[PDB]
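Have a look at my_file38.cif below; it lists mmCIF, N, CA, C and O atoms.
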```
data_protein
#
loop_
_atom_site.label_atom_id
_atom_site.label_comp_id
_atom_site.auth_asym_id
_atom_site.auth_seq_id
_atom_site.Cartn_x
_atom_site.Cartn_y
_atom_site.Cartn_z
N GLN N 1 24.67 162.88 92.90
CA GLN N 1 24.83 161.53 92.37
C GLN N 1 26.19 160.98 92.77
O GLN N 1 27.21 161.29 92.15
N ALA N 2 26.20 160.16 93.81
CA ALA N 2 27.44 159.55 94.29
C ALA N 2 27.87 158.43 93.36
O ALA N 2 27.27 158.23 92.30
N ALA N 3 28.90 157.70 93.74
CA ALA N 3 29.35 156.58 92.94
C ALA N 3 30.46 155.84 93.67
O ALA N 3 31.05 156.38 94.61
N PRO N 4 30.75 154.62 93.28
CA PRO N 4 31.84 153.88 93.94
C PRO N 4 33.18 154.19 93.30
O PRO N 4 33.31 154.14 92.07
N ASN N 5 34.18 154.50 94.11
CA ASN N 5 35.52 154.78 93.60
C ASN N 5 36.08 153.56 92.89
O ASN N 5 35.82 152.42 93.29
N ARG N 6 36.86 153.79 91.85
CA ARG N 6 37.41 152.69 91.07
C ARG N 6 38.25 151.80 91.97
O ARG N 6 39.05 152.28 92.77
N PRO N 7 38.07 150.48 91.87
CA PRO N 7 38.65 149.58 92.88
C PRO N 7 40.15 149.39 92.72
O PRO N 7 40.64 148.95 91.68
N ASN N 8 40.87 149.70 93.79
CA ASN N 8 42.29 149.40 93.89
C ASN N 8 42.42 148.01 94.50
O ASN N 8 42.02 147.79 95.64
N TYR N 9 42.95 147.07 93.73
CA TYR N 9 43.50 145.90 94.38
C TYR N 9 44.91 146.27 94.81
O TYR N 9 45.53 147.16 94.21
N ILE N 10 45.43 145.64 95.86
CA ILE N 10 46.80 145.90 96.29
C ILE N 10 47.34 144.63 96.90
O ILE N 10 46.62 143.89 97.58
N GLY N 11 48.61 144.35 96.68
CA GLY N 11 49.19 143.11 97.18
C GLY N 11 50.58 142.91 96.64
O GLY N 11 51.13 143.73 95.90
N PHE N 12 51.16 141.78 97.03
CA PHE N 12 52.54 141.50 96.67
C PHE N 12 52.62 140.95 95.26
O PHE N 12 51.63 140.50 94.68
N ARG N 13 53.82 140.99 94.70
CA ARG N 13 54.02 140.71 93.29
C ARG N 13 54.19 139.21 93.06
O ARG N 13 54.58 138.46 93.96
N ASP N 14 53.91 138.79 91.84
CA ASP N 14 53.94 137.38 91.47
C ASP N 14 55.31 136.80 91.81
O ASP N 14 56.34 137.37 91.44
N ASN N 15 55.33 135.68 92.52
CA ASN N 15 56.57 135.12 93.07
C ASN N 15 57.42 136.18 93.73
O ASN N 15 58.65 136.07 93.77
N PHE N 16 56.79 137.22 94.26
CA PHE N 16 57.49 138.31 94.91
C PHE N 16 58.60 138.86 94.03
O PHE N 16 59.74 139.03 94.45
N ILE N 17 58.31 139.20 92.77
CA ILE N 17 59.24 139.93 91.87
C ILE N 17 59.28 141.26 92.50
O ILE N 17 58.40 141.99 92.24
N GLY N 18 60.16 141.39 93.43
CA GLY N 18 60.59 142.66 94.01
C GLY N 18 61.42 142.38 95.22
O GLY N 18 62.57 142.11 95.07
N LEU N 19 60.80 142.43 96.36
CA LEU N 19 61.46 142.05 97.57
C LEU N 19 62.49 141.04 97.22
O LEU N 19 62.07 139.98 97.01
N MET N 20 63.68 141.46 96.93
CA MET N 20 64.80 140.57 96.94
C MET N 20 65.99 141.13 96.18
O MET N 20 66.65 140.36 95.68
N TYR N 21 66.30 142.39 96.22
CA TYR N 21 67.31 142.99 95.37
C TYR N 21 68.19 141.92 94.77
O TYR N 21 69.17 141.66 95.34
N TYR N 22 67.71 141.17 93.79
CA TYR N 22 68.28 140.49 92.64
C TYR N 22 68.78 141.54 91.65
O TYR N 22 68.07 142.49 91.34
N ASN N 23 70.00 141.37 91.17
CA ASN N 23 70.42 142.09 89.98
C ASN N 23 70.65 143.57 90.24
O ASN N 23 70.33 144.41 89.40
N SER N 24 71.18 143.90 91.42
CA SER N 24 71.64 145.26 91.69
C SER N 24 73.05 145.12 92.27
O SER N 24 73.25 145.05 93.48
N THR N 25 74.03 145.08 91.37
CA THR N 25 75.41 144.76 91.73
C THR N 25 75.85 145.51 92.98
O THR N 25 76.69 145.02 93.74
N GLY N 26 75.28 146.69 93.21
CA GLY N 26 75.55 147.41 94.44
C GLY N 26 75.03 146.67 95.65
O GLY N 26 75.81 146.23 96.50
N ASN N 27 73.71 146.53 95.74
CA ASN N 27 73.10 145.83 96.86
C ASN N 27 72.81 144.39 96.49
O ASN N 27 71.66 144.02 96.25
N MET N 28 73.85 143.56 96.45
CA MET N 28 73.73 142.18 96.01
C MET N 28 74.22 141.27 97.12
O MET N 28 75.20 141.56 97.81
N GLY N 29 73.55 140.14 97.28
CA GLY N 29 73.80 139.23 98.37
C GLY N 29 75.13 138.54 98.23
O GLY N 29 76.04 139.00 97.53
N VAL N 30 75.26 137.41 98.92
CA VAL N 30 76.48 136.62 98.86
C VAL N 30 76.22 135.24 99.43
O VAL N 30 75.32 135.07 100.26
N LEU N 31 76.99 134.25 98.99
CA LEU N 31 76.84 132.90 99.50
C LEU N 31 78.22 132.28 99.69
O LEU N 31 78.38 131.06 99.64
N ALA N 32 79.22 133.12 99.94
CA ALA N 32 80.61 132.69 100.02
C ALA N 32 80.82 131.89 101.29
O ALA N 32 80.24 132.20 102.33
N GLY N 33 81.65 130.86 101.19
CA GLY N 33 82.03 130.09 102.37
C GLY N 33 82.44 131.01 103.49
O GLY N 33 82.97 132.09 103.24
N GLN N 34 82.18 130.60 104.74
CA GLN N 34 82.38 131.51 105.86
C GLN N 34 83.82 132.02 105.94
O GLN N 34 84.06 133.22 105.77
N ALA N 35 84.77 131.13 106.21
CA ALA N 35 86.14 131.59 106.42
C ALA N 35 86.85 131.67 105.08
O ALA N 35 87.99 131.23 104.92
N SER N 36 86.15 132.23 104.09
CA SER N 36 86.78 132.82 102.93
C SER N 36 86.11 134.16 102.69
O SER N 36 86.74 135.13 102.25
N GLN N 37 84.81 134.19 102.98
CA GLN N 37 83.97 135.38 102.86
C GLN N 37 84.33 136.21 101.65
O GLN N 37 84.31 137.44 101.71
N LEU N 38 84.67 135.57 100.53
CA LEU N 38 84.97 136.37 99.35
C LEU N 38 83.68 136.72 98.63
O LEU N 38 83.22 137.86 98.67
N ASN N 39 83.08 135.72 97.99
CA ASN N 39 81.73 135.83 97.45
C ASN N 39 81.43 134.57 96.65
O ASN N 39 82.35 133.86 96.23
N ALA N 40 80.15 134.28 96.42
CA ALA N 40 79.81 133.16 95.56
C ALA N 40 78.70 133.52 94.58
O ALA N 40 78.39 132.73 93.68
N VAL N 41 78.11 134.70 94.72
CA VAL N 41 77.06 135.14 93.81
C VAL N 41 77.48 136.45 93.18
O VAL N 41 77.27 137.53 93.73
N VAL N 42 78.11 136.36 92.01
CA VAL N 42 78.53 137.54 91.27
C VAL N 42 77.40 137.92 90.33
O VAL N 42 77.08 137.19 89.40
N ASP N 43 76.79 139.07 90.58
CA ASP N 43 75.62 139.51 89.84
C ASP N 43 75.96 140.68 88.95
O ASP N 43 76.51 141.68 89.41
N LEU N 44 75.63 140.56 87.67
CA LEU N 44 75.82 141.63 86.72
C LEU N 44 74.62 142.57 86.78
O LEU N 44 73.75 142.44 87.64
N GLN N 45 74.57 143.53 85.87
CA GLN N 45 73.42 144.42 85.75
C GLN N 45 72.79 144.27 84.38
O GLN N 45 72.00 145.10 83.94
N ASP N 46 73.16 143.21 83.67
CA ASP N 46 72.58 142.90 82.37
C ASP N 46 71.43 141.93 82.45
O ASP N 46 70.33 142.28 82.02
N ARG N 47 71.64 140.74 82.99
CA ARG N 47 70.56 139.79 83.16
C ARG N 47 69.50 140.39 84.07
O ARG N 47 69.78 141.29 84.86
N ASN N 48 68.27 139.88 83.97
CA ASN N 48 67.22 140.17 84.93
C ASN N 48 66.70 138.84 85.45
O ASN N 48 65.83 138.22 84.83
N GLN Z 1 89.38 155.29 114.43
CA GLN Z 1 89.86 154.54 115.57
C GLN Z 1 91.03 155.28 116.20
O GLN Z 1 91.95 155.72 115.51
N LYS Z 2 90.99 155.42 117.53
CA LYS Z 2 91.91 156.31 118.22
C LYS Z 2 92.88 155.60 119.16
O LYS Z 2 93.86 156.21 119.59
N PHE Z 3 92.65 154.33 119.48
CA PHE Z 3 93.59 153.59 120.31
C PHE Z 3 94.93 153.46 119.61
O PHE Z 3 95.01 153.35 118.39
N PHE Z 4 96.01 153.50 120.41
CA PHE Z 4 97.34 153.39 119.83
C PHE Z 4 97.67 151.97 119.41
O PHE Z 4 98.45 151.78 118.47
N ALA Z 5 97.09 150.97 120.06
CA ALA Z 5 97.42 149.58 119.79
C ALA Z 5 96.57 148.96 118.70
O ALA Z 5 96.77 147.79 118.37
N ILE Z 6 95.62 149.71 118.14
CA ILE Z 6 94.78 149.18 117.07
C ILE Z 6 94.79 150.13 115.88
O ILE Z 6 94.54 149.71 114.74
N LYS Z 7 95.10 151.40 116.12
CA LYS Z 7 94.92 152.41 115.09
C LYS Z 7 95.69 152.08 113.82
O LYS Z 7 95.24 152.39 112.72
N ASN Z 8 96.85 151.44 113.95
CA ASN Z 8 97.68 151.11 112.80
C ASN Z 8 97.93 149.61 112.70
O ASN Z 8 98.88 149.17 112.05
N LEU Z 9 97.07 148.81 113.33
CA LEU Z 9 97.27 147.37 113.34
C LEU Z 9 96.99 146.76 111.98
O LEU Z 9 96.07 147.16 111.27
N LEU Z 10 97.80 145.77 111.61
CA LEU Z 10 97.55 144.93 110.45
C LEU Z 10 96.91 143.64 110.93
O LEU Z 10 97.40 143.02 111.87
N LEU Z 11 95.82 143.25 110.28
CA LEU Z 11 95.06 142.08 110.70
C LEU Z 11 95.39 140.88 109.84
O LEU Z 11 95.84 141.00 108.70
N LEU Z 12 95.18 139.73 110.39
CA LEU Z 12 95.26 138.48 109.67
C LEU Z 12 93.87 137.95 109.37
O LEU Z 12 92.89 138.34 110.01
N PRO Z 13 93.74 137.07 108.38
CA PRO Z 13 92.43 136.51 108.08
C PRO Z 13 91.83 135.84 109.31
O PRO Z 13 92.54 135.23 110.11
N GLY Z 14 90.53 135.99 109.46
CA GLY Z 14 89.83 135.44 110.61
C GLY Z 14 88.58 136.25 110.89
O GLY Z 14 88.26 137.21 110.19
N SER Z 15 87.88 135.85 111.94
CA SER Z 15 86.66 136.52 112.37
C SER Z 15 86.90 137.17 113.72
O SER Z 15 87.32 136.51 114.67
N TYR Z 16 86.62 138.47 113.80
CA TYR Z 16 86.97 139.27 114.97
C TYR Z 16 85.73 139.99 115.47
O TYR Z 16 84.78 140.22 114.72
N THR Z 17 85.74 140.34 116.75
CA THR Z 17 84.64 141.06 117.38
C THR Z 17 85.13 142.44 117.77
O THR Z 17 85.91 142.59 118.71
N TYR Z 18 84.66 143.46 117.04
CA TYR Z 18 85.08 144.83 117.26
C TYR Z 18 83.97 145.54 118.03
O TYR Z 18 82.86 145.70 117.51
N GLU Z 19 84.26 145.96 119.25
CA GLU Z 19 83.27 146.49 120.17
C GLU Z 19 83.76 147.79 120.76
O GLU Z 19 84.93 147.93 121.10
N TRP Z 20 82.85 148.75 120.91
CA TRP Z 20 83.24 150.01 121.52
C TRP Z 20 82.01 150.67 122.12
O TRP Z 20 80.88 150.38 121.73
N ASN Z 21 82.25 151.56 123.08
CA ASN Z 21 81.19 152.26 123.79
C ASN Z 21 81.31 153.75 123.53
O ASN Z 21 82.39 154.32 123.68
N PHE Z 22 80.20 154.37 123.15
CA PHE Z 22 80.18 155.77 122.75
C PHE Z 22 79.60 156.64 123.85
O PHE Z 22 79.00 156.16 124.82
N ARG Z 23 79.79 157.95 123.70
CA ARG Z 23 79.16 158.94 124.55
C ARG Z 23 77.99 159.57 123.82
O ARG Z 23 78.09 159.90 122.64
N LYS Z 24 76.87 159.73 124.52
CA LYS Z 24 75.75 160.48 123.97
C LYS Z 24 75.30 161.60 124.91
O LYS Z 24 74.17 162.07 124.80
N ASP Z 25 76.17 162.03 125.82
CA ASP Z 25 75.90 163.21 126.62
C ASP Z 25 76.43 164.44 125.90
O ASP Z 25 77.60 164.48 125.51
N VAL Z 26 75.57 165.43 125.71
CA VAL Z 26 75.95 166.56 124.87
C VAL Z 26 77.17 167.28 125.43
O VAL Z 26 78.08 167.64 124.68
N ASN Z 27 77.22 167.48 126.75
CA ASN Z 27 78.27 168.32 127.32
C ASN Z 27 79.66 167.80 127.01
O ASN Z 27 80.62 168.57 127.00
N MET Z 28 79.79 166.50 126.76
CA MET Z 28 81.11 165.93 126.51
C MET Z 28 81.51 165.95 125.04
O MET Z 28 82.69 166.13 124.74
N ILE Z 29 80.53 165.79 124.18
CA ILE Z 29 80.85 165.54 122.78
C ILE Z 29 80.13 166.60 122.03
O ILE Z 29 79.30 166.23 121.31
N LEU Z 30 80.43 167.86 122.24
CA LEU Z 30 79.81 168.97 121.51
C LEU Z 30 80.33 170.26 122.08
O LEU Z 30 79.56 170.89 122.73
N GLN Z 31 81.55 170.67 121.77
CA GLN Z 31 82.25 171.87 122.26
C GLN Z 31 81.60 173.14 121.87
O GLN Z 31 81.42 173.34 120.77
N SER Z 32 81.38 174.01 122.79
CA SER Z 32 80.68 175.25 122.49
C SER Z 32 81.69 176.30 122.25
O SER Z 32 82.58 176.04 121.50
N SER Z 33 81.51 177.43 122.91
CA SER Z 33 82.40 178.56 122.73
C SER Z 33 81.85 179.61 123.60
O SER Z 33 81.54 180.62 123.10
N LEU Z 34 81.63 179.26 124.82
CA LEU Z 34 81.25 180.24 125.82
C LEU Z 34 81.03 179.35 127.00
O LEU Z 34 80.91 179.83 128.10
N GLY Z 35 81.04 178.07 126.73
CA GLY Z 35 80.75 177.10 127.79
C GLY Z 35 79.51 177.45 128.57
O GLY Z 35 79.65 177.76 129.73
N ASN Z 36 78.37 177.61 127.93
CA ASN Z 36 77.14 177.69 128.72
C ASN Z 36 76.90 176.22 128.77
O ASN Z 36 77.25 175.54 127.82
N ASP Z 37 76.37 175.72 129.84
CA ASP Z 37 76.34 174.25 129.88
C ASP Z 37 75.30 173.63 128.99
O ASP Z 37 74.18 173.46 129.45
N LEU Z 38 75.74 173.21 127.84
CA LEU Z 38 74.82 172.56 126.94
C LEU Z 38 73.95 171.72 127.83
O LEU Z 38 72.76 171.87 127.75
N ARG Z 39 74.52 170.88 128.67
CA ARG Z 39 73.62 169.85 129.26
C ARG Z 39 72.45 170.46 129.99
O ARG Z 39 71.66 169.73 130.53
N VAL Z 40 72.39 171.76 130.06
CA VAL Z 40 71.17 172.25 130.68
C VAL Z 40 70.37 172.90 129.58
O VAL Z 40 69.22 173.14 129.83
N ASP Z 41 70.91 173.17 128.40
CA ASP Z 41 70.04 173.87 127.43
C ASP Z 41 69.58 173.03 126.24
O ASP Z 41 68.67 173.43 125.54
N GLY Z 42 70.25 171.94 125.93
CA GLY Z 42 69.62 170.98 125.03
C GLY Z 42 70.58 170.22 124.20
O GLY Z 42 71.58 170.81 123.87
N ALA Z 43 70.15 169.06 123.74
CA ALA Z 43 71.03 168.41 122.80
C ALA Z 43 70.81 167.09 122.13
O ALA Z 43 69.70 166.79 121.90
N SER Z 44 71.89 166.36 121.91
CA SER Z 44 72.00 165.25 120.95
C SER Z 44 70.99 164.24 121.10
O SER Z 44 70.35 164.25 122.09
N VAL Z 45 71.03 163.31 120.18
CA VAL Z 45 69.93 162.35 120.29
C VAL Z 45 70.32 161.02 119.90
O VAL Z 45 70.52 160.17 120.69
N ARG Z 46 70.32 160.88 118.65
CA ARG Z 46 70.39 159.50 118.43
C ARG Z 46 71.70 159.08 118.10
O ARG Z 46 72.61 159.73 118.42
N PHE Z 47 71.64 157.90 117.69
CA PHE Z 47 72.83 157.42 117.10
C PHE Z 47 72.06 156.51 116.21
O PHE Z 47 72.43 155.40 116.10
N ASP Z 48 71.01 157.02 115.62
CA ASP Z 48 70.24 156.24 114.67
C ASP Z 48 71.00 155.04 114.14
O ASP Z 48 70.43 153.99 114.10
N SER Z 49 72.22 155.18 113.74
CA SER Z 49 72.90 153.94 113.37
C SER Z 49 74.36 154.07 113.57
O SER Z 49 74.76 155.15 113.74
#
```

Could you render the structure as structure tokens?
Amino acid sequence: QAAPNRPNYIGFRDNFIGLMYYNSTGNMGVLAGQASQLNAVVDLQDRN
Amino acid sequence: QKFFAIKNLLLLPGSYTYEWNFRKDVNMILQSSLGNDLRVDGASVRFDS
């Protein structure tokens, strides 16, 4: 007696909640003016 | 950094292009201890990054 395997849907997350290391102070982006290159996006690890 | 004119240089603010060329031949950059010629018996590979 065979049967169909339980269906896996698979796909990307809602508004891509993932791909985008938001909120990892270590691997966090930047938007600082070029010839200052200090930073403009200071990200904590509290907010999500 | 091994150059004498850059090894201890102090930089000023700005954007600079730092470029260098590496060796990936085993016989040059992998000292043995009998000198059998690595380059005939095997070696290095990447420089993955």

Can you tell me which residues surround region 12-26 of chain N at a distance of at most 5 Å, considering all atoms listed in the file, apart from same-chain residues fewer than 4 positions away, and format the answer as a compact mmCIF listing (two decimals) with N, CA, C and O atoms, in the coordinates of the input?
```txt
# COMPACT_ATOMS: atom_id res chain seq x y z
N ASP N 43 76.79 139.07 90.58
CA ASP N 43 75.62 139.51 89.84
C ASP N 43 75.96 140.68 88.95
O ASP N 43 76.51 141.68 89.41
N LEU N 44 75.63 140.56 87.67
CA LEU N 44 75.82 141.63 86.72
C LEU N 44 74.62 142.57 86.78
O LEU N 44 73.75 142.44 87.64
N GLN N 45 74.57 143.53 85.87
CA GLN N 45 73.42 144.42 85.75
C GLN N 45 72.79 144.27 84.38
O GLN N 45 72.00 145.10 83.94
```

(Q) What would the selection look like, as number ranges by chain, if the PyMOL selection byres (((chain Z and resi 29 and name CA) around 12) and name CA) were run on the coordinates I just shared? (A) Z: 22-28, 30-32, 38-39, 43-45

Prev. selection, N, CA, C and O atoms, output as an mmCIF file, in the coordinates of the input:
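Everything below was put into again-v7.cif:
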```
data_model
loop_
_atom_site.group_PDB
_atom_site.id
_atom_site.type_symbol
_atom_site.label_atom_id
_atom_site.label_comp_id
_atom_site.auth_asym_id
_atom_site.auth_seq_id
_atom_site.Cartn_x
_atom_site.Cartn_y
_atom_site.Cartn_z
ATOM 1 N N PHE Z 22 80.200 154.370 123.150
ATOM 2 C CA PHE Z 22 80.180 155.770 122.750
ATOM 3 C C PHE Z 22 79.600 156.640 123.850
ATOM 4 O O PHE Z 22 79.000 156.160 124.820
ATOM 5 N N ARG Z 23 79.790 157.950 123.700
ATOM 6 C CA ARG Z 23 79.160 158.940 124.550
ATOM 7 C C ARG Z 23 77.990 159.570 123.820
ATOM 8 O O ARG Z 23 78.090 159.900 122.640
ATOM 9 N N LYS Z 24 76.870 159.730 124.520
ATOM 10 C CA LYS Z 24 75.750 160.480 123.970
ATOM 11 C C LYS Z 24 75.300 161.600 124.910
ATOM 12 O O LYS Z 24 74.170 162.070 124.800
ATOM 13 N N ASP Z 25 76.170 162.030 125.820
ATOM 14 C CA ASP Z 25 75.900 163.210 126.620
ATOM 15 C C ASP Z 25 76.430 164.440 125.900
ATOM 16 O O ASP Z 25 77.600 164.480 125.510
ATOM 17 N N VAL Z 26 75.570 165.430 125.710
ATOM 18 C CA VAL Z 26 75.950 166.560 124.870
ATOM 19 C C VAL Z 26 77.170 167.280 125.430
ATOM 20 O O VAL Z 26 78.080 167.640 124.680
ATOM 21 N N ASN Z 27 77.220 167.480 126.750
ATOM 22 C CA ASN Z 27 78.270 168.320 127.320
ATOM 23 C C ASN Z 27 79.660 167.800 127.010
ATOM 24 O O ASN Z 27 80.620 168.570 127.000
ATOM 25 N N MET Z 28 79.790 166.500 126.760
ATOM 26 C CA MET Z 28 81.110 165.930 126.510
ATOM 27 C C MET Z 28 81.510 165.950 125.040
ATOM 28 O O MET Z 28 82.690 166.130 124.740
ATOM 29 N N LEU Z 30 80.430 167.860 122.240
ATOM 30 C CA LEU Z 30 79.810 168.970 121.510
ATOM 31 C C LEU Z 30 80.330 170.260 122.080
ATOM 32 O O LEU Z 30 79.560 170.890 122.730
ATOM 33 N N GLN Z 31 81.550 170.670 121.770
ATOM 34 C CA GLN Z 31 82.250 171.870 122.260
ATOM 35 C C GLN Z 31 81.600 173.140 121.870
ATOM 36 O O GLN Z 31 81.420 173.340 120.770
ATOM 37 N N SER Z 32 81.380 174.010 122.790
ATOM 38 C CA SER Z 32 80.680 175.250 122.490
ATOM 39 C C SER Z 32 81.690 176.300 122.250
ATOM 40 O O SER Z 32 82.580 176.040 121.500
ATOM 41 N N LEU Z 38 75.740 173.210 127.840
ATOM 42 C CA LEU Z 38 74.820 172.560 126.940
ATOM 43 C C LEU Z 38 73.950 171.720 127.830
ATOM 44 O O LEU Z 38 72.760 171.870 127.750
ATOM 45 N N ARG Z 39 74.520 170.880 128.670
ATOM 46 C CA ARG Z 39 73.620 169.850 129.260
ATOM 47 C C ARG Z 39 72.450 170.460 129.990
ATOM 48 O O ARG Z 39 71.660 169.730 130.530
ATOM 49 N N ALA Z 43 70.150 169.060 123.740
ATOM 50 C CA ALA Z 43 71.030 168.410 122.800
ATOM 51 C C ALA Z 43 70.810 167.090 122.130
ATOM 52 O O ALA Z 43 69.700 166.790 121.900
ATOM 53 N N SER Z 44 71.890 166.360 121.910
ATOM 54 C CA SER Z 44 72.000 165.250 120.950
ATOM 55 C C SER Z 44 70.990 164.240 121.100
ATOM 56 O O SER Z 44 70.350 164.250 122.090
ATOM 57 N N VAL Z 45 71.030 163.310 120.180
ATOM 58 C CA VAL Z 45 69.930 162.350 120.290
ATOM 59 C C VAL Z 45 70.320 161.020 119.900
ATOM 60 O O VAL Z 45 70.520 160.170 120.690
#
```

Q: Find the residues of chain N in contact range of chain Z, meaning any atom within 10 Å when counting only C-alpha atoms, and list them as a PyMOL selection string.
A: chain N and resi 34-37

Q.
Can you pull out the residues contacting residue 41 (chain N)? Cut-off 8 Å, using only C-alpha atoms, and skip same-chain residues under 3 positions away; I want them as a list in words.
A.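 Near neighbours after the sequence-gap exclusion: residues 29, 30, 31 and 32 of chain N.
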
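What separates atom N of residue 2 (chain Z) from CA of residue 47 (chain Z) is a distance of 18.3 Å.
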
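Atom to atom, CA of residue 18 (chain Z) and CA of residue 3 (chain Z) stand 12.6 Å apart.
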
Q. In Å to one decimal, how far is CA of residue 27 (chain N) from atom N of residue 46 (chain N)?
A.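 Between atom N of residue 46 (chain N) and CA of residue 27 (chain N) the gap is 13.4 Å.
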